[PDB]
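Start counting the first sequence at 23; every next residue gets the next number (PDB author numbering). Structure record follows, encoded as structure tokens.
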Amino acid sequence: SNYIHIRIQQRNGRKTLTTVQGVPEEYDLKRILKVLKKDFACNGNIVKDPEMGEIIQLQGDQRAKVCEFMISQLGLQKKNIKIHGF
RNA sequence: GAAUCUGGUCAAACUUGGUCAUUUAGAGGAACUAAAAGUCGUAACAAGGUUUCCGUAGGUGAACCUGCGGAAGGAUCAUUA
Ligand SMILES: [Mg+2]
Ligand SMILES: [Mg+2]
Ligand SMILES: [Mg+2]
Numbered sequence: 023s024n025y026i027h028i029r030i031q032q033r034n035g036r037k038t039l040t041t042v043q044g045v046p047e048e049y050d051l052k053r054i055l056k057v058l059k060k061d062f063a064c065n066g067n068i069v070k071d072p073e074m075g076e077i078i079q080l081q082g083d084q085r086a087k088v089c090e091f092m093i094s095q096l097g098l099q100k101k102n103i104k105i106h107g108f
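Written out as structure tokens, the structure is:
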């Protein structure tokens, strides 16, 4: 019950994808994605993987930055958000 | 014929405003250049993998994309009768 986990999916070379799993569905997700895009400039998209819920995918190694953003805006704790690293 | 004195006249200056010029602190904001082992793509150069440009309008994360009209600086100097 509500534990946000951010992970890298390793792609070709140094280019990667960052998946945000278990996002709270309180604020508008598309809007959030747009904001993220505006911020650090990474091509964001929303994926619904076999009812895990709503997964935000971003380009590169936006993990720490994402966490910071969450802290600033919607995320309250630092604790229920875990950042993996693969 | 001195002080003094009535009007002028030239007129420095002074009080409060306004104005033009040049400076000058300047919370913040938006730039461009330089250095070009950061990040996201790959827009352009080959038909650059949707031919490029241009005017213009809209849209976007970012190169940009998409209308409408145009230009080869195009990948065509080419289909008689
Ligand atoms: Mg290209
Ligand atoms: Mg092209
Ligand atoms: Mg020229």
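We treat Cβ as the ideally placed atom computed from N, Cα and C, and that holds for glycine.
Residue burial classification, residue i (beta-carbon count within 10 angstroms, cutoff 16)
i, result
"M92", "buried"
"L96", "exposed"
"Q99", "exposed"
"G66", "buried"
N- and C-terminal bounds of the alpha helix (DSSP H) containing residue i
i, result
"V88", "86-94"
"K100", "No alpha helix (DSSP H) holds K100; DSSP gives it neither H nor E."
"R53", "51-62"
Residue range of the beta strand (DSSP E) that includes residue i
i, result
"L39", "38-43"
"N65", "From DSSP, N65 is part of no beta strand (DSSP E); its letter is neither H nor E."
"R33", "Careful: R33 lies outside any beta strand (DSSP E) and carries neither H nor E."
Supposed contact pair residue j and residue i - C-beta distance, whole angstroms, cut 8 Å
i, j, result
"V88", "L80", "7 Å"
Validate contact between the stretch 43-51 and the stretch 65-82 using beta carbons, cut 8 Å, 3 pairs: Flag = yes, the stretch 43-51 and the stretch 65-82 touch.
Report yes or no: do the stretch 79-90 and the stretch 33-40 share at least 3 C-beta pairs separated by less than 8 Å? By the C-beta criterion, the stretch 79-90 is judged to be in contact with the stretch 33-40, since at least 3 inter-stretch pairs fall below 8 Å.
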